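Okay, so we've got the same protein chain twice, two forms, each given alone as C-alpha cells, structure 1 and structure 2.
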Structure 1
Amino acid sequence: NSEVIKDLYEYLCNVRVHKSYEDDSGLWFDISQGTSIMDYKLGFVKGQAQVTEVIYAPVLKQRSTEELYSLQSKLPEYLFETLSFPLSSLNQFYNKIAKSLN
C-alpha cells in the first residue's frame, strides 16, 4: 500500500523511478519521464569530498526512430550525452527535462 503512493508520485510528477535491474549496488536507477517520453539512468556517487554526485546516462533503445526524431527536435543537445552534477542541482535538471518535453 506504499504502492498507491507510488502511483501518486507518477501522476503528480510524471515520472517513474525504479531500482536498476542490471545493477545490484543500490546506486543506479531507471527513470521514465514523460507525457513524448525520455528514459534515463541516474547513478549516485559519494565518498571523496563526502558530497553526492549524480551521473545521468540517457537510455535510447526503447525509442522508435520516430520518438528519437521527436526528441532530437525538442530536447537540448546535452540531454543526449552522459552528464555529471551535484545532487543539489538534480531537481533543476529534472525541471529542464520536464519543460523540454512539454
Structure 2
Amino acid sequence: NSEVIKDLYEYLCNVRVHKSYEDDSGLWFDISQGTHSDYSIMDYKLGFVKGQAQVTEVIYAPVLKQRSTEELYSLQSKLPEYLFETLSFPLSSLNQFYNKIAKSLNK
C-alpha cells in the first residue's frame, strides 16, 4: 500500500521521498524532485531538527552526487546559488521551497 501511495504522490506532485530516518539531530528525508522543462531533477535532503528550545528548523542540503555531468552544468544555469548551499528555514516555508525548486528546474 505505502509504495503505491508514494507512487501516486509522485504522479501528483513530481516529488518522491526515497526514505526517511531518524538520527541524533532529528528526522531526515532523502528526496528527488523533478519537472518538465525533457525532465530536470534535483536531489536533496530535508531534515526536521530541533534545538534545545524545541523550535523546528528545516535543514536543506543539495545532493549533487546523484547528477550527471551535463545535469550539473544545467543546474548551475537554472538554480539560484543558495540552492547549492546548506539552508535552514521554518516549517512555514516548505511550500515556498517546493515551488522554488519546481520553478528553478523548469527554467
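Under this definition, the rigid core comprises the largest set of C-alpha atoms superposing within 1.5 Å between the forms. Only residues modelled in both forms are compared. Residue 1 is the first residue of structure 1, and the numbers go on in sequence order from there.
Put the two forms on the same core and the Cα of residue 76 is off by less than 2 Å between structures 1 and 2.
After superposition on the rigid core, displacement of the C-alpha of residue 24 between structures 1 and 2 amounts to 2 Å or more.
In a rigid-core overlay of the protein, residue 51 has its C-alpha displaced by at least 2 Å between structures 1 and 2. The shift recorded for the CA atom of residue 64 between structures 1 and 2 is 1.1 Å, with superposition on the rigid core. Comparing the forms between structures 1 and 2 on their core, residues 1-5, 18-26, 46-51 form runs of at least three in a row where every Cα shifts 2 Å or more.
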